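The chain below stands alone and is given as structure tokens, in the form solved without the partner chain.
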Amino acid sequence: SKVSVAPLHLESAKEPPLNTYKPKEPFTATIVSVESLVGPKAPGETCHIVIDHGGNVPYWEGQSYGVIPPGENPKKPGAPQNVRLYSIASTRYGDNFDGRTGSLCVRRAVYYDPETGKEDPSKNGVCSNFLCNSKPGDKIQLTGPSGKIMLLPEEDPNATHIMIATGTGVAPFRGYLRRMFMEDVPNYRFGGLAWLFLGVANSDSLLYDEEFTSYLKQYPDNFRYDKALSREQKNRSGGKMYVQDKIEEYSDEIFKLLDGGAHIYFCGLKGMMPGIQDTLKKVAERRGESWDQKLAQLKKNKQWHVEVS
């Protein structure tokens, strides 16, 4: 059944924490673990990082932590590096169910010369490689938390939540779904529908697949899960199978859920959105609806939640 989590006083706050720690005086947290989430055929490396904040940097699901990687700011001699934000992939109780850790889902940003494929360490992403290279006991300069766009609307515990992720965009949804299904949170008993769509490059690039598949078996009447593997699947038109093509497969169900008040969430890199918008426009047109008008209504009704970069 549901996992006991502590301390329940984390449910008492009525507002999310924001900017508890700031860049000039970050919280020095400690790495608990770092593990690759992906198999050898994955085009890139994505890691799961567990960080001990000791209960000093609590957060709500959907927020981000800032990390200040070591070194001097290249564009600002004598200054610390700029904060990089990472979507927290854990619930407020964390992966140890104790309110002392938070987790990140971090894609290594690696540079390859577009012609030769060669590498250059001065051009890899600083913070993503810093994090995925970390080992237990390493210290991390933590700031935040920050962000409110992806806070989970809990007013209606029987709401519908349609979660659209590419790659590390799955992070907030791992936290949402643990809160909805895994953890014993007496003041939030989810009885709605949560529907996760995840687009990645191939099967080896899947993130947390075992956890999500387990929810299908534990909460079959409350959870749905669809995956789009761009390099291993092709869409109805011959294009690579992107998450928007999976959305299109369920277009009638999704549009009806939206009309009924479902929340819809988009998270990941911003390049995911143009194809999604194109598909939604096409779906709307086939149904005889204006996607522009529908989207305006979804935004007005606070059903549309996008955090991409």
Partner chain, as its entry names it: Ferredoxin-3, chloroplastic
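Numbering follows the first chain given and starts at 1.
Visitor: Mind pulling up the entry and telling me whether 176 to 184 or 70 to 78 has the higher mean Cα temperature factor?
Guide: The stretch with the larger mean CA B-factor is 70 to 78.
Visitor: On mean Cα temperature factor in this entry, is 58 to 66 or 267 to 275 the higher one?
Guide: Mean CA B-factor is higher for 267 to 275.
Visitor: Of the options 221, 154, 226, 115, which has the highest CA B factor as deposited?
Guide: Going by the entry's C-alpha B-factors, 115 comes out highest.
Visitor: Could you check 203, 141, 129, 96 and tell me which one carries the biggest Cα B-factor in the deposited entry?
Guide: It is 203.
Visitor: Within this chain, which third does the Cα B-factor at residue 48 fall in: lowest, middle or highest?
Guide: Lowest third.
Visitor: Looking at the entry's B-factor column for C-alpha atoms only, identify whether residue 258 ranks in the lowest, middle or highest third of its chain.
Guide: Ranked within chain, residue 258 CA B lands in the lowest tercile.
Visitor: Ranked by Cα temperature factor within the chain, is residue 30 in the lowest third, the middle third or the highest third?
Guide: Answer is lowest: the recorded C-alpha B-factor places it there.
Visitor: Compared with the other modelled residues in the chain, in which third is the CA B-factor of residue 13?
Guide: According to the entry, residue 13 has a C-alpha B-factor in the chain's highest third.
Visitor: Among the chain's modelled residues, which third holds the C-alpha B-factor of residue 111?
Guide: Its C-alpha B-factor, which the entry lists for residue 111, ranks in the highest third among residues of this chain.
Keep in mind the form solved in complex with the partner chain is missing from the figure; the text below concerns it.
Visitor: With heavy atoms only and a cut-off of 4.5 Å, decide whether residue 76 touches the partner chain in the entry with it bound.
Guide: Output for residue 76 is yes: heavy atoms within 4.5 Å of the partner chain.
Visitor: Considering only heavy atoms, tell me if residue 301 and the partner chain come within 4.5 Å of each other in the entry with it bound.
Guide: The answer is no: residue 301 has no heavy atom within 4.5 Å of the partner chain.
Visitor: How about residue 147: is it within 4.5 Å of the partner chain in the entry with it bound, going by heavy atoms?
Guide: Residue-level check for residue 147: yes, a contact with the partner chain.
Visitor: Is residue 235 part of the interface with the partner chain in the entry with it bound - any heavy atom within 4.5 Å?
Guide: Answer no; every heavy atom of residue 235 is more than 4.5 Å from the partner chain in the entry with it bound.
Visitor: Please determine, with the chain shown alone, which of 78 to 86, 206 to 214, 99 to 107, 174 to 182 has non-hydrogen atoms within 4.5 Å of the partner chain in the entry with it bound.
Guide: Correct option: 78 to 86.
Visitor: State the residue from 19, 290, 12, 297 whose non-hydrogen atoms include one within 4.5 Å of the partner chain in the entry with it bound.
Guide: For this set of options, the contacting one is 19.
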